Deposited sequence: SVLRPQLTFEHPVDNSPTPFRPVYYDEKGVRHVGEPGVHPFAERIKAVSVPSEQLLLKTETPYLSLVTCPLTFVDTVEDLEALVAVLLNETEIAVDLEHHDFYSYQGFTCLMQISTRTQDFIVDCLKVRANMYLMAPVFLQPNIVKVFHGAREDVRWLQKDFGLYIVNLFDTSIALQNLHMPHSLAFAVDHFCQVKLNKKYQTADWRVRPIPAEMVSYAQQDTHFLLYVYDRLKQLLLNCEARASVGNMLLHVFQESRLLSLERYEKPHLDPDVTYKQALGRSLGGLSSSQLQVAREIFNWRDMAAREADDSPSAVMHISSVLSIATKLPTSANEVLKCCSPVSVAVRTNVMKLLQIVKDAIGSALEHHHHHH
């Protein structure tokens, strides 16, 4: 559980997200709920004019001789931040974990420059990621991401990081009316087939095995060449400025804590599976689901790690009236369920017979 190594424990309560963030001077600020703290700066920022010209592409380097650095200390992160400050464009991607965490957390950050690749250990330097704010806030540095919707949110949630002059290569492909996955872009422009196998891997594991180091590196390694090729296609249709505009709108999106609606969320997750239930089974479905979300917040686990969705329906349908019967419905039994089996049993007991 990486959370136990966190310098700051995660607040999972149903309270709007309040961002704590650092500026380019490394000064700490406390933001406001529902307010993106860099909204005024992003809306007042121009695209660097050199980025809007037709330029020859810089091809990706060889994976055999391209320098790759694994960054997992503060000093190595700071050294990396100064290297990035001498670039006009960098390619960024993130790896994330959502099963054994309520809100989820970023596990790894990958960065490529025209001359080298970097892999940042977000877990080991979680508390120090704010040091990247001069790079992410620098308007003269374009930050290239491929399909950044979740990334934009993750950077906020975990590190108080915000992107000034984001360029999203997936938005470029959508605007050119063409396929837009990362694997597609790399195969279309570079004729390289990306390894599918590690998209759903456990990015919390340390050490990272060689195959996963290679997977992480290859997600950014070809992105600046892809960026150059999409720029030429957009100027060949101002479609290039439109894509920078759409990407800026995406950078204005805000992270918001998972939203539990005690009157609605259960229906959204159980959908059609609520048909065939009596009024008391429906009451049990709702209360088990609302309990599952509360217990998920407390354990800092996703609701699925507390109890599978079918287990919620199983309790509702079967109406277990003993701890063992409740344990049968909940298989595979989590610690959260085993420790609170009497509470789940009380939920069922308060609903059987006449209401």
Tell me, which runs of residues in the deposited sequence have no coordinates at all?
1-3, 241-247, 366-373
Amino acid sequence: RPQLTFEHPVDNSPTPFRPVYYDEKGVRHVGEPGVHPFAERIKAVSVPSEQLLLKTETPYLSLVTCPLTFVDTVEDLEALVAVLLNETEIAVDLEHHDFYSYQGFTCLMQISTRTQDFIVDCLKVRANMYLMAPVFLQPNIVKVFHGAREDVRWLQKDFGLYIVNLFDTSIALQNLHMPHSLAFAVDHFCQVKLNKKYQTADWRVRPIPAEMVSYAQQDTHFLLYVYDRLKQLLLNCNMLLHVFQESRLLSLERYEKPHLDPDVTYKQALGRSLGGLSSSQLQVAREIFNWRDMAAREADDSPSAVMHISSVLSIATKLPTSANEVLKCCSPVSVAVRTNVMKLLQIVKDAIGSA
From here on, numbers count along this sequence of modelled residues.
So which stretch wins on mean C-alpha B-factor, 253-261 or 87-95?
253-261
For the stretches 199-207 and 149-157, which has the higher mean C-alpha B-factor as given in the deposited record?
199-207
Highest recorded C-alpha temperature factor, please, choosing from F105, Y266, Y130, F136.
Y266
Which one, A82, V226, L270, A183, has the peak C-alpha temperature factor per the PDB entry?
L270
Could you tell me which third, lowest, middle or highest, the C-alpha B-factor of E57 occupies within its chain?
highest
Quick check for you: using the entry's CA B-factors within this chain, is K193 in the lowest, middle or highest third?
highest
Check where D301 lands among this chain's C-alpha B-factors and tell me if it's the lowest, middle or highest third.
lowest
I42: which third of its chain by C-alpha temperature factor?
lowest
Divide the modelled residues of the chain into thirds by Cα B-factor and specify which third, lowest, middle or highest, holds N236.
highest
